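Remarks on the structure that follows.
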Amino acid sequence: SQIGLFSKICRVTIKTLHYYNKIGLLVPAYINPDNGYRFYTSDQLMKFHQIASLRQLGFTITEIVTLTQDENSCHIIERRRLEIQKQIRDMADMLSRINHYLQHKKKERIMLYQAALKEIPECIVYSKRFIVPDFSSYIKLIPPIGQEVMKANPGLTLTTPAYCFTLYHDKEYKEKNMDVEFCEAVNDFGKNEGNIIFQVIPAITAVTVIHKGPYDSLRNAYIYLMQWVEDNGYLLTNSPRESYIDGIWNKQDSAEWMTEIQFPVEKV
DNA sequence: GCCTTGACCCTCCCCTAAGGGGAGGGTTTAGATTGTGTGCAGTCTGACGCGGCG
DNA sequence: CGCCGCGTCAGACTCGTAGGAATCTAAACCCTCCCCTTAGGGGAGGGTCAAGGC
Ligand code: 118
């Protein structure tokens with residue numbers, strides 16, 4: 001049986017048989033020496049059936065080679081099974097994210113706020129945890145901290161890139177009684193003089209949105225991130241962070257400012 | 001200023017999985033078939049070499 | 001060997017623009033080889049950017 005007849009018996013392409021002969025998965029029963037013509041046999045079909053049976057389970061080709069040439073490989077079927085359930089979990093996550101994306105696109109004609117899930121590494125910060133009378137007043141006590149720390153900690157170099165964020169320890173929304181905590185990432189440890197203390201913040205997987213524009217429409221992004229959290233079955237594991245990437249310090253226009261809100265979450 | 005130094009940065013080339021697509025090359029093919037197929041040309045005049053007759 | 005008619009070969013003005021020539025024609029197989037596909041990774045080779053050190 002030539003390769004054209006075998007490809008019609010097997011209902012597979014000829015190039016598939018060429019590839020399987022090249023890699024050594026399915027070798028023809030007899031190859032004509034002068035022409036090169038591959039000839040196949042029923043005993044090759046009995047093996048192509050096994051190849052197809054394994055390949056329909058999503059096994060990679062090299063896994064199929066290992067399974068059919070070397071027996072007692074029950075660890076490879078377990079690896080493929082665990083990977084299949086992991087991919088199923090990831091696929092359910094992706095499905096929820098794309099359903100949410102369509103309900104939002106069908107909600108507002110322009111999408112102002114995309115949501116991205118990113119992992120934040122561990123870091124060394126100096127932090128001051130304090131009760132703030134108003135969000136407008138929160139901005140006032142930060143530049144005092146910025147000069148005082150550089151005067152009190154000489155040669156202290158902030159990391160690059162600059163991770164300067166806020167920990168919202170409030171489990172509910174309020175305007176005037178915010179128990180907030182100002183953090184700023186630094187390269188190495190230091191002295192803990194004053195109300196400013198040093199600490200490490202654990203690496204977290206967090207869903208983040210970057211808000212461009214003034215600080216009054218941030219409630220939109222928070223409700224959106226909360227909406228994302230309720231829609232996609234995540235649970236808030238830690239306090240939300242507020243990372244100030246660009247602001248009045250690089251650019252004078254207040255509507256081009258940008259900050260990224262991070263929601264530490266786990267899928268539950 | 002001349003000279004190193006460590007960190008960055010660029011393009012370019014090759015690699016990934018499982019074949020698809022195509023180019024460019026071989027091979028045979030068993031009713032019987034058995035000799036091509038066009039023109040075209042109104043030149044003249046020298047001049048040379050040769051079959052054939054004497 | 002000597003001469004006569006026959007076969008053959010070689011020559012024949014310079015400017016612009018138009019300006020070529022146009023028919024006829026396997027198919028089904030197989031092979032190898034080369035490039036292609038994600039979304040980038042890895043490395044070689046070669047440049048470049050601020051630090052300073054004398
Ligand atoms: C210590 C030192 C600098 C800043 Sb800022 C800032 C950030 C958020 C809100 C208000 C101010 C900063 C600069 C670069 C990158 C990230 C943050 C800052 C710097 C100069 C002038 C005004 C503000 C804060 C603390």
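Naming convention: chains lettered A, B, ... in sequence-line order (proteins, then strands); numbering from 1 in each chain.
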Discussion item. Rounding to an integer number of angstrom, what distance separates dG39(B) and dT17(C) when you compare their P atoms?
Written reply: 38 Å
Item to complete: Can you tell me the pairing partner of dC30(C) across any strand shown, Watson-Crick or G-U wobble, with both distances under 3.5 angstrom?
Response: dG25(B)
Worksheet item: Roughly how far apart, to the nearest Å, are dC24(C) and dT34(B) at atom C1'?
Response: 22 Å
Item to complete: Please check if the distance between the ring centroids of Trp228(A) and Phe263(A) is under 6.0 Å.
Response: no
Worksheet item: Pucker class of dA51(C) from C1'-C2'-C3'-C4', north or south?
Response: north
Discussion item. What I want to check is whether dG51(B) forms a Watson-Crick or wobble pair with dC4(C), both distances being under 3.5 Å.
Written reply: yes
Worksheet item: Are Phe165(A) and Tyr163(A) near enough that their ring centres are under 6.0 Å apart?
Response: yes
Worksheet item: Do the numbers put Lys267(A) on top of the ring of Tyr234(A), so that NZ or CZ is under 6.0 Å from the six-membered ring centre and no more than 45° off the axis?
Response: yes
Worksheet item: Do any side-chain nitrogens or oxygens of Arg38(A) fall under 4.0 Å of OP1 or OP2 in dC31(C)?
Response: yes
Worksheet item: Just by the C1'-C2'-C3'-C4' torsion, is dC12(B) north or south?
Response: south
Discussion item. Under 4.0 Å between a side-chain nitrogen and a carboxylate oxygen: does that hold for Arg241(A) and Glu260(A)?
Written reply: no
Worksheet item: What is the distance, rounded to the nearest whole Å, between atom CG of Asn32(A) and atom P of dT27(B)?
Response: 12 Å
Worksheet, complete the sentence: Re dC24(C): Watson-Crick or G-U wobble partner, both distances kept under 3.5 Å, found to be none
Worksheet item: Can you give one letter per nucleotide of nucleotides 16-23 of chain B, 5' to 3': B if a protein heavy atom sits under 4.0 Å from the base, S if only from the sugar-phosphate, - if neither?
Response: --BBSBB-
Worksheet entry | G-U wobble or Watson-Crick pairing nucleotide for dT14(C) (cut-off 3.5 Å, both distances) | none
Practice prompt. Would you please indicate if the ring centroids of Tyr224(A) and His104(A) are separated by under 6.0 Å?
Written response: yes
Worksheet item: Once you round it to whole Å, what is the distance between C1' of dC30(C) and CG of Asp34(A)?
Response: 12 Å
Practice prompt. Searching all strands shown, indicate the nucleotide that pairs with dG42(B) (Watson-Crick or G-U wobble; both distances under 3.5 Å).
Written response: none
Fill in: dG49(B) sugar pucker (north/south) via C1'-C2'-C3'-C4'
south
Discussion item. Taking the basic N atoms (NZ, or NE/NH1/NH2) and the acidic carboxylate oxygens, is any pair closer than 4.0 Å for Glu83(A) and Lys86(A)?
Written reply: no
Item to complete: Quote, to the nearest angstrom, the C1' distance that separates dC14(B) from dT38(C).
Response: 16 Å
Fill in: Distance under 6.0 Å and angle within 45° of ring axis: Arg11(A) vs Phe48(A)
no
Worksheet item: Looking across every strand, which nucleic acid part, if any, lies under 4.0 Å from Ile23(A) by heavy atom: base, sugar-phosphate, or nothing?
Response: nothing
Fill in: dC13(B) and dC35(C), which share atom name P, separated by this distance in whole Å
13 Å
Item to complete: With a 3.5 angstrom cut-off on both distances, give the Watson-Crick or G-U wobble partner of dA39(C), or none if there isn't one.
Response: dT16(B)
Worksheet item: Going by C1'-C2'-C3'-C4', which side is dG41(C) on: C3'-endo/north or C2'-endo/south?
Response: south
Fill in: Side-chain heavy-atom pair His100(A), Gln227(A) within 4.5 angstrom cut-off
yes
Item to complete: Please state how far atom CG in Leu17(A) lies from atom P in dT32(C), giving the value in whole angstrom units.
Response: 13 Å
Worksheet entry | Paired, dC50(B) vs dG5(C), Watson-Crick or G-U, distances below 3.5 Å | yes
Discussion item. Can a donor-acceptor pair be found, under 3.5 Å and without considering hydrogens, that links the side chain of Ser239(A) to the backbone of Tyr168(A)?
Written reply: yes
Worksheet entry | Stack flag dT33(B)/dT34(B) (5.5 Å, 30°) | no
Item to complete: Verify whether the stacking test passes for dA12(C) and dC13(C), with limits of 5.5 Å on the ring-centre separation and 30° on the angle between planes.
Response: no
Worksheet item: Six-membered rings of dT25(C) and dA26(C): centres under 5.5 Å apart, planes under 30°?
Response: no
Fill in: Verify stacking: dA41(B) then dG42(B), 5.5 Å distance, 30° angle limits
no
Worksheet entry | North or south sugar at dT38(B) (positive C1'-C2'-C3'-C4' torsion counts as north) | north
Worksheet item: Expressed as a whole number of Å, how far does the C1' atom of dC15(B) sit from that of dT37(C)?
Response: 14 Å
Worksheet entry | Complementary nucleotide for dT5(B) - Watson-Crick or wobble, under 3.5 Å | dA50(C)
Worksheet entry | Atom-to-atom span, CG of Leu5(A) to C1' of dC30(C) - whole angstrom | 14 Å
Worksheet entry | Watson-Crick or G-U wobble partner of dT33(B), both distances under 3.5 Å | none
